[PDB]
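Trainee: Requesting a structural model of the entry that follows:
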Amino acid sequence: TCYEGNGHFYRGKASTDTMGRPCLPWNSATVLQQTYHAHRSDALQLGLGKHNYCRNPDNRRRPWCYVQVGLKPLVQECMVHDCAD
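Mentor: Numbers count the residues shown, from 1 in each chain. Please see the structure below:
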């Protein structure tokens, strides 16, 4: 057990996810467009903060993020304390 739950404000300052793909701004003209951004007051209260990092916009077993790859934001969880046993 490493990530006890998903972790809201539990240090999610990584613009780099598991597949080594760079995580970005939540409030980005791209994610803000998507389904999980700074826009919905709760997202932030659930784990976001208009950062540019893997956090909890849902309740993933470990902080995740979308990663714009050639105009293609794709979610890949972050290589944090997720306990990939």
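Trainee: Just the terminal-to-terminal distance for stretch 52-68.
Mentor: End-to-end span of stretch 52-68 (C-alpha to C-alpha, to the nearest Å): 11 Å.
Trainee: Same check on stretch 51-64?
Mentor: With C-alpha to C-alpha as the measure, stretch 51-64 spans 13 Å from end to end.
Trainee: Then stretch 38-53?
Mentor: Stretch 38-53: ends 12 Å apart by C-alpha to C-alpha.
Trainee: Next: stretch 55-73.
Mentor: Termini of stretch 55-73 sit 15 Å apart (C-alpha to C-alpha).
Trainee: gap between it and the chain center?
Mentor: 4 Å (C-alpha atoms, centre = their mean, to the nearest Å).
Trainee: For that stretch, buried residues please.
Mentor: By neighbour count on 16 or more other C-beta atoms under 10 Å, the buried set for stretch 55-73 is 55-57, 60, 62-68, 73. (Each C-beta comes from the backbone N, C-alpha and C, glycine too.)
Trainee: So which of those residues belong to strands?
Mentor: 64-68, 73 (DSSP state E).
Trainee: hang on, residue 22 in a helix?
Mentor: No: according to DSSP: H, G, I helix; E, B strand; the rest coil, residue 22 belongs to no helix; its state is coil.
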